[PDB]
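Any value given below was found using the heavy atoms of this structure, including those in side chains, with hydrogens, waters and symmetry copies removed. Note on naming: letters A, B, ... go to the chains in the order of the sequence lines (proteins, then strands), and numbering restarts at 1 for each one.
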Protein chains: 2
Amino acid sequence: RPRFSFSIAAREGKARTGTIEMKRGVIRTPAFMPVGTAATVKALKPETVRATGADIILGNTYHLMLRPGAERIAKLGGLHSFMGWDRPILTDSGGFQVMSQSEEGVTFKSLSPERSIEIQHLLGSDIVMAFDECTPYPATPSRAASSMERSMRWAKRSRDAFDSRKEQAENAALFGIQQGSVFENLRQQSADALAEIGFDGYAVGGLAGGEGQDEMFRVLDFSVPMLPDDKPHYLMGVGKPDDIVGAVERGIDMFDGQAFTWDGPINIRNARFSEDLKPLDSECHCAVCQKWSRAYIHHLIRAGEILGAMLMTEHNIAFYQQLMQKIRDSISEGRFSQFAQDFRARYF
Amino acid sequence: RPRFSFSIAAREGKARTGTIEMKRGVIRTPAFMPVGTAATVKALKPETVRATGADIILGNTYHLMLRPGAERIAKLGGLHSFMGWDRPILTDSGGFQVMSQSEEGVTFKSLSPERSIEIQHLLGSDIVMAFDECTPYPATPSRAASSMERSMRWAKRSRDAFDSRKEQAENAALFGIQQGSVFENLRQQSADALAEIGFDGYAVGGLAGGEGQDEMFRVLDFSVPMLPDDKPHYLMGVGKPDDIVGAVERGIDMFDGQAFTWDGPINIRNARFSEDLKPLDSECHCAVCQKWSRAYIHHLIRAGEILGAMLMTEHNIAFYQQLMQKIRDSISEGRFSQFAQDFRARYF
Ligand SMILES: NCc1c[nH]c2nc(N)[nH]c(=O)c12
Ligand SMILES: NCc1c[nH]c2nc(N)[nH]c(=O)c12
Ligand SMILES: [Zn+2]
Ligand SMILES: [Zn+2]
């Protein structure tokens with residue numbers, strides 16, 4: 001395999017399906033990435049994560065740098081070896097979680113473009129995120145501009161740091177992050193700036209920050225076409241099943257007691273499930289739905305048992321992976337419009 | 001398979017190895033039973049429990065009767081179906097955890113011989129424990145006598161309740177519990193009384209209550225020979241690896257951050273493990289020791305991650321099952337004395 005090769009196999013309107021080939025594996029797109037916080041996808045062994053269909057997981061730089069530490073993970077062989085996941089890992093830059101300051105970077109109590117890229121290198125990340133400056137929502141045009149401009153300066157710094165490390169440049173990929181809040185002109189300037197520097201993929205940053213779905217979709221309508229068509233488009237911090245379907249309709253390729261079902265989410269703790277022998281979802285192919293009832297999982301979660309968390313998480317990630325598979329198949333078959341309509345009529 | 005058949009394949013001194021055949025499976029003895037509290041072995045799927053080598057698990061009547069409830073579990077198909085474990089289950093009587101009162105039974109804020117046997121029936125238990133009255137440690141001779149006598153009256157009541165339920169009598173087994181504190185004469189009276197009523201197996205109750213290993217072993221020295229030789233001997237609430245080895249030497253067949261190793265326990269949270277790439281134990285065949293380091297599990301437990309609990313528990317139960325296997329093989333091969341000596345020299 002190559003370091004990085006993104007190929008589009010099929011399109012329907014703005015939606016695309018294809019593959020990212022990397023040294024550690026192939027990523028099917030549109031892709032959903034389970035999140036590893038502190039070097040573990042919560043309550044799952046890596047083999048269980050894989051069994052759900054995930055091709056790639058996300059690691060959080062902010063949390064790993066604090067515990068157990070980036071240099072320590074490198075001394076132990078890198079993140080993949082440490083946690084036992086041998087396929088691609090995307091690492092965020094750490095910037096977001098710092099927020100949830102100067103032109104050089106940020107200092108905080110328990111980072112810079114250069115230090116973020118270095119930490120991601122020490123972890124052994126396959127997809128490295130440029131270090132950006134968070135724009136809160138809402139933001140005035142002046143402040144959104146100032147932060148976007150700083151982020152573009154930091155994108156160049158991130159590029160140059162990554163490139164100046166040969167092993168990283170040869171084995172990993174680097175994604176840039178579009179900023180600009182909800183403002184079309186600022187999104188355009190940001191896309192232009194990122195394309196001029198050149199990245200392996202382009203994230204839409206700054207959304208899912210409190211603006212609501214209608215507004216997010218409005219911004220995606222004009223923002224995703226600004227990005228290079230031939231590279232992956234990553235919507236950071238999204239999301240809910242319906243958000244994913246609408247974002248794919250707008251050209252996004254990658255994403256990162258409540259149980260998901262094709263009729264909508266349920267809260268398994270509710271008393272109505274105490275004697276319900278049905279699986280969490282009636283069609284779901286996951287191992288949880290094959291073997292255990294709603295009634296048992298209700299009991300486990302209300303009892304605070306670890307197995308409850310294990311079973312709920314495996315089901316939910318499997319559900320998301322089945323969603324992504326149905327999206328990929330429908331786009332490849334030229335019936336994604338109908339899938340999205342059918343999905344919404346029932347989920348709601 | 002029969003309802004119940006215990007066969008002794010080999011002996012060495014007081015130690016025995018053999019099998020209990022039941023409708024749901026064969027139990028290899030000496031046996032270690034993982035404990036299911038609130039219908040789950042903590043942090044493990046049933047298939048993982050089985051993969052460690054366990055033949056049988058323990059269910060706690062006190063906890064199940066409170067949450068989710070005995071009648072509810074019966075309505076849902078019984079404990080085996082509810083939790084997804086299809087092999088034998090031993091249920092305790094509920095009496096111990098009530099303590100941790102009258103001749104009819106006990107009332108408490110969140111049971112009788114008859115109600116305990118009924119709850120165990122509603123759960124679908126394969127091995128049912130008679131309902132006894134707990135003797136604290138230390139206990140005076142008068143009080144130990146009074147409680148033992150009450151327990152023997154309750155053993156007869158337990159017998160008669162079990163027998164008067166045809167489905168239970170035909171498909172499950174009933175074990176009696178020897179009491180008498182640390183007093184040889186009271187242990188003798190209790191053994192005699194239980195043998196006269198007749199049970200499928202005999203537990204040594206009332207130990208591991210604060211008396212310490214030397215005292216426990218002294219009591220086992222005279223108490224286990226009093227029980228019928230041709231039935232299983234169950235030491236309730238024991239225990240530590242060294243306690244198990246010495247108890248098997250005295251004729252026991254069944255048992256119910258710290259990681260066990262053949263060099264002794266370690267506390268994985270200790271800083272000395274933060275960069276230790278070795279598995280938890282150097283010889284252990286379990287999946288955890290095949291795949292993850294001490295350093296990773298150190299991190300997970302110190303971070304409060306659920307996967308830490310999952311991995312530690314799987315290793316520890318696998319360790320116990322490997323111990324039991326090495327005990328069974330050494331007795332069958334007539335080298336258990338040497339095993340016990342070798343085990344202690346290294347564990348300590
Ligand atoms: N939802 C937006 C978001 C989530 N995580 C992020 N991490 C970074 N670096 N930038 C971003 O804009 C975001
Ligand atoms: N360690 C003694 C013990 C543990 N659990 C028990 N449950 C019952 N019914 N009786 C007992 O003596 C014990
Ligand atoms: Zn499922
Ligand atoms: Zn192990």
K.L.:
Is there side-chain contact between A:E47 and B:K291, with at least one heavy-atom pair below 4.5 Å?
P.N.:
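The answer is yes, as the side chains (C-beta and beyond) meet within the 4.5 Å cut-off.
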K.L.:
What are the two closest heavy atoms between A:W292 and B:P46, and how far apart are they?
P.N.:
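Heavy atoms only, the tightest pair is CZ2-CD, 3.8 Å.
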K.L.:
Using a cut-off of under 4.5 Å on heavy-atom pairs, state which of B:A39, B:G308, B:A309, B:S81 scores highest against chain A.
P.N.:
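Top count of heavy-atom pairs under 4.5 Å with chain A: B:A39.
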K.L.:
Please examine the side chains of A:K42 and B:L307, heavy atoms only from C-beta on, and report whether any two atoms are closer than 4.5 Å.
P.N.:
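No; the side chains remain at least 4.5 Å from each other.
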K.L.:
For a quick test of reading the model, state the closest non-hydrogen atom pair linking A:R67 to B:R302 and the distance between them.
P.N.:
NH1-O, 3.8 Å
K.L.:
With a 4.5 angstrom heavy-atom cut-off, could you sort out which part of A:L44 is near chain B: side chain, backbone, both or neither?
P.N.:
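Only the backbone of A:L44 comes within 4.5 Å of chain B.
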K.L.:
I need the A:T313 OG1 to B:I306 CD1 distance, nearest 0.5 Å.
P.N.:
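Result: 6.5 Å between the selected atoms.
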K.L.:
How long is the gap from CG on A:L300 to CE on B:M83, to the nearest 0.5 Å?
P.N.:
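Between atom CG of A:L300 and atom CE of B:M83 there are 9.0 Å.
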K.L.:
Let me confirm one number: the CE-NZ distance from A:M310 to B:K45, rounded to the nearest 0.5 Å.
P.N.:
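Answer for the CE-NZ pair, A:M310 versus B:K45, is 6.0 Å.
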K.L.:
Which value, rounded to the nearest 0.5 Å, describes the distance between A:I73 atom CD1 and B:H299 atom NE2?
P.N.:
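Separation between the atoms: 6.5 Å.
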K.L.:
Once you round to the nearest 0.5 Å, how far does OG1 of B:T40 lie from OH of A:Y296?
P.N.:
4.5 Å
